[PDB]
Amino acid sequence: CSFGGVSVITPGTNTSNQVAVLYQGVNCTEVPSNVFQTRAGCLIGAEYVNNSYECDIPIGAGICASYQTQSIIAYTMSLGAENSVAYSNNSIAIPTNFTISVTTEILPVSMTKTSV
Amino acid sequence: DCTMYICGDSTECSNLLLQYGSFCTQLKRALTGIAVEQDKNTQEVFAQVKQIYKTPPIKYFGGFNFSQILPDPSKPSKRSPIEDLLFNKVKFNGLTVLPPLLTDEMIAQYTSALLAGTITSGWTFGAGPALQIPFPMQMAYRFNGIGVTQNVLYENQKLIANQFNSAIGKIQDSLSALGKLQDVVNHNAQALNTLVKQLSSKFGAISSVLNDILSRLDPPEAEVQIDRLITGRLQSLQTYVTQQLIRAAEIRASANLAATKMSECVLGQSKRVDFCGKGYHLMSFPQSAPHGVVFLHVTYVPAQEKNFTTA
Amino acid sequence: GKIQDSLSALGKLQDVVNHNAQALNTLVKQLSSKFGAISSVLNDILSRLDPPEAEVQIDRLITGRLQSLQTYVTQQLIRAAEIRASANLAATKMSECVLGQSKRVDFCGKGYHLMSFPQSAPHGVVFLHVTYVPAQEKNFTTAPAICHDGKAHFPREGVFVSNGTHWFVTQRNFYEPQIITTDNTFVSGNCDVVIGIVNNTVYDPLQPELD
Ligand SMILES: *[C@@H]1O[C@H](CO)[C@@H](O[C@@H]2O[C@H](CO)[C@@H](O)[C@H](O)[C@H]2NC(C)=O)[C@H](O)[C@H]1NC(C)=O
Ligand SMILES: *[C@@H]1O[C@H](CO)[C@@H](O[C@@H]2O[C@H](CO)[C@@H](O)[C@H](O)[C@H]2NC(C)=O)[C@H](O)[C@H]1NC(C)=O
Ligand SMILES: *[C@@H]1O[C@H](CO)[C@@H](O[C@@H]2O[C@H](CO)[C@@H](O)[C@H](O)[C@H]2NC(C)=O)[C@H](O)[C@H]1NC(C)=O
Ligand SMILES: *[C@@H]1O[C@H](CO)[C@@H](O[C@@H]2O[C@H](CO)[C@@H](O)[C@H](O)[C@H]2NC(C)=O)[C@H](O)[C@H]1NC(C)=O
Ligand SMILES: *[C@@H]1O[C@H](CO)[C@@H](O)[C@H](O)[C@H]1NC(C)=O
Ligand SMILES: *[C@@H]1O[C@H](CO)[C@@H](O)[C@H](O)[C@H]1NC(C)=O
Ligand SMILES: *[C@@H]1O[C@H](CO)[C@@H](O)[C@H](O)[C@H]1NC(C)=O
Ligand SMILES: *[C@@H]1O[C@H](CO)[C@@H](O)[C@H](O)[C@H]1NC(C)=O
Ligand SMILES: *[C@@H]1O[C@H](CO)[C@@H](O)[C@H](O)[C@H]1NC(C)=O
Ligand SMILES: *[C@@H]1O[C@H](CO)[C@@H](O)[C@H](O)[C@H]1NC(C)=O
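Here it is, written out as structure tokens:
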């Protein structure tokens, strides 16, 4: 008889008190608005759209959720802007200017020393 | 599912399991840490490109023939001929397997973007805008980076392109290897088969079934017998989770090496000895494999030496 | 200057603090568990039973809490190996990004590595990576070599470009054209083996000095 963990998805109280629930590999007919069936389980409380945005709250298998404008949505993470390179057999592209960029990288080096 | 693994359906057990504290919370927290890192491992190896690049329709790069590593438009999956070979070689009592965040179609799209960027703009797109240059000229710069004068390519362009095309063609013969990928599958399958089998053990109790105990015994003594089984099966879960953490650190170290090679072997030219294949590194092409990555390393190897006197 | 705005991130440093705080909060809470015993205060179980009857109940609690310590120490060893691997990476970058210039791709930031500056963080290190990023490209027509006097000329460094009517030599990383001369190029082979070679003039400085 079906079973599967239950997790609660929240855009964090500090922004809204709504929530959606995913029942892992549970069919939406055997759980007991917005009901969407995905190969990862039954998603309740978010509407599934065909657009794509950046991953917000990973749901699994390509889907995400998040707030929009007043609600929670579940889309499919897109992979990025598409772009064709203007290749030819006798063409080249050379920069005529430049910028200097600065970026951060953070690394941990130690923990607290404990004794029992 | 800690409660369904140990107790299993029974409800008289649930009140007894609550008496051991937060062991079931620790198991869920520990396994969630692994589950989140395994998707990040994949993003760091493959999601190193901003835009999804495409090759031009003609697909004829001064001779060099890359059809064995570019996608096949006559397929539902859009895999390459070599990727099709690579994927052709490799529920229980409270146990479940979660799906990956990225499908394997999405991973194939990251790989085709890296291939299309490199063949048309070399390594420039990894540091800024993609700058087109003819591929024959890309190869000549790569020989220059290893100390060979660039006329060696320009006067022998046909020879190098024809020899390359056969050398890459031999790769399929060596495949039609991936034991490192099958071992990952085997190690997890063995831990899940052992975890389930450990439920048929009495651990020195009268029985191994928490309902049969009650059916033939009073509560005062049944609490002791069930507590023994709970301790035994709770030890099973601690063994399982500890090994998953130790083994996840090893696959994480491998994903870090694969991400580092993706940057240094595919998005550029390396001078590190033996880091990007055997010989003098010219270029590398990625291919997707199930739960892994395959690097096709292109190297420069000298041949046919003569001796001379020098001063 | 924009770096402060992005700060006023460090979740990797807070996670280290959280993981140890959680193991210490759990280790203490595991003392309020009976493990199937009579009570959990080593005193109750004592001032309430006989030397030979309070021995079984206390032995159960000892085993339970001794298991707690084994769990705690095993996880600290596994987690200390991870922070050690991170400290090894940070030490390696300190040598290769701060004390020198690296050619390793993406090892010292995004772009072409120029320099890096360290900053101290609590239980960690922050690297300020300074990189070179090209911008504003234009497209040109190119050719691998130039023919002059029936001989093939190849660039010493750079690429041949055409602006539409004239051909120049440029360096590969910044557009800066110069005239193609015999001091800019070298000769190798004849114009019968290079595919895509084009005709142009390569100027010799000697003859206009000799009028
Ligand atoms: C390279 O880029 C910089 C900008 O990043 C250009 O400098 C600016 O030039 C405009 C005039 O075109 C001035 O009004 C700005 O004050 C300049 N900015 C700075 C920070 O000095 C520079 O001219 C560009 N070079 C070329 C050849 O176009
Ligand atoms: C690139 O190589 C492939 C082979 O790996 C070529 O395709 C084969 O071409 C031969 C004739 O030369 C045919 O007999 C095979 O049936 C072809 N195979 C397939 C799957 O179609 C392909 O022509 C090469 N491309 C170029 C531009 O030369
Ligand atoms: C390509 O650049 C050249 C050089 O700037 C341009 O040709 C002219 O060259 C003469 C010398 O031979 C100069 O006195 C002129 O001032 C140049 N004209 C210009 C507009 O720069 C040529 O025009 C350029 N070609 C294109 C298509 O822009
Ligand atoms: C580049 O210049 C050379 C030299 O003038 C050209 O070679 C001539 O080619 C023609 C045919 O196009 C022949 O009739 C001549 O005999 C060749 N001259 C010599 C000295 O061999 C060459 O064709 C030119 N290339 C292009 C693309 O115009
Ligand atoms: C959450 O609320 C506090 C005030 O209670 C505020 O300081 C903080 O900025 C809020 N967080 C977010 C993400 O809005
Ligand atoms: C759920 O069951 C219905 C039939 O009742 C079926 O059509 C549907 O495909 C099932 N969903 C999944 C995800 O299997
Ligand atoms: C999304 O597109 C598919 C076709 O690719 C279509 O069948 C489906 O109805 C669309 N979904 C929505 C919510 O419009
Ligand atoms: C060069 O000469 C040595 C003997 O001095 C010999 O052993 C070696 O094989 C020669 N190499 C070639 C390519 O003939
Ligand atoms: C160069 O030309 C190609 C078309 O051949 C075009 O797509 C590209 O945008 C051009 N680059 C610039 C900087 O104009
Ligand atoms: C480039 O390809 C075109 C056809 O697309 C052809 O006309 C031209 O001659 C080619 N250039 C070279 C240098 O081969």
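Protein chains in written order, with the UniProt record's numbering: chain A, 590 to 621, 640 to 676, 690 to 736; chain B, 737 to 826, 854 to 939, 944 to 1078; chain C, 932 to 939, 944 to 1146.
Ideal placement from N, C-alpha and C gives every residue a C-beta, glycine not left out.
Under three-state DSSP, which class holds residue i?
i	result
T1120/C	strand
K1073/B	coil
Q804/B	coil
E619/A	coil
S937/B	helix
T604/A	coil
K790/B	strand
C749/B	helix
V1068/B	coil
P897/B	coil
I770/B	helix
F970/C	coil
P1143/C	helix
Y695/A	strand
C1082/C	strand
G889/B	helix
Assuming residue i is part of the alpha helix (DSSP H), what are its boundary residues?
i	result
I1132/C	Careful: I1132/C lies outside any alpha helix (DSSP H) and carries neither H nor E.
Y1007/B	986 to 1028
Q613/A	No alpha helix (DSSP H) contains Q613/A, which is instead part of the beta strand (DSSP E) from 609 to 613.
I882/B	867 to 884
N914/B	914 to 917
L981/B	979 to 982
Tell me which residues share the same chain as residue i and place their Cβ nearer than 8 Å to its Cβ, disregarding the 5 neighbours each side in the sequence.
i	result
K921/B	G799
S967/B	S975
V1129/C	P1079, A1080, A1087
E868/B	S813, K814
I'd like the list of long-range same chain contacts for residue i, defined as Cβ closer than 6 Å, with 5 residues on each side in sequence excluded.
i	result
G744/B	none
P665/A	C671
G1059/B	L948
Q1071/C	none
Measure from the alpha carbon of residue i to the alpha carbon of each residue in the options, then state which is nearest.
i	options	result
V785/B	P1057/B, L938/B, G880/B	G880/B
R1000/C	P792/B, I805/B, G757/B, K790/B	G757/B
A701/A	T716/A, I693/A, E661/A	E661/A
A944/C	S968/C, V976/C, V1061/C, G1035/C	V1061/C
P1053/C	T734/A, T732/A, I726/A	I726/A
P809/B	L1004/B, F782/B, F1042/B, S875/B	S875/B
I1115/C	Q1106/C, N1108/C, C1126/C, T1136/C	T1136/C
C1032/B	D737/B, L877/B, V952/B	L877/B
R1014/B	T761/B, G769/B, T739/B, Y741/B	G769/B
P1140/C	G1131/C, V1122/C, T1117/C, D1127/C	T1117/C
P892/B	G1131/C, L1145/C, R1039/C, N1108/C	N1108/C
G669/A	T676/A, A694/A, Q690/A	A694/A
Please look up how many angstroms separate the CB atoms of residue i and residue j, rounded, as I've assumed it's under 8 Å.
i	j	result
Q1010/C	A958/C	7 Å
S1055/C	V1065/C	Contact flag wrong, Cβ pair sits at about 18 Å.
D663/A	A653/A	In fact, because the Cβ distance is near 11 Å, the residues do not count as touching under 8 Å.
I712/A	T1120/C	That belief does not hold up - the Cβ atoms of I712/A and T1120/C are roughly 18 Å apart, past 8 Å.
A771/B	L861/B	7 Å
Under DSSP, the beta strand (DSSP E) around residue i begins and ends at which residues?
i	result
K1086/C	1086 to 1090
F1052/C	1047 to 1056
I670/A	670 to 674
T961/B	Per DSSP, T961/B belongs to no beta strand (DSSP E); it is in the alpha helix (DSSP H), 946 to 964.
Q644/A	642 to 645
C649/A	648 to 651
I714/A	711 to 728
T1105/C	1102 to 1105
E702/A	702 to 704
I664/A	664 to 667
What residues of chain E sit near residue i, judged by a beta carbon separation below 8 Å?
i	result
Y789/B	Of the chains in the structure shown, none is chain E; the protein chains are A, B and C.
Kindly list the residues whose CB is nearer than 7 Å to the CB of residue i, restricted to its own chain and excluding five residues on each side of it in sequence; keep chain order.
i	result
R1019/B	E773, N777
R995/C	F970, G971, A972
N978/B	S746
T724/A	none
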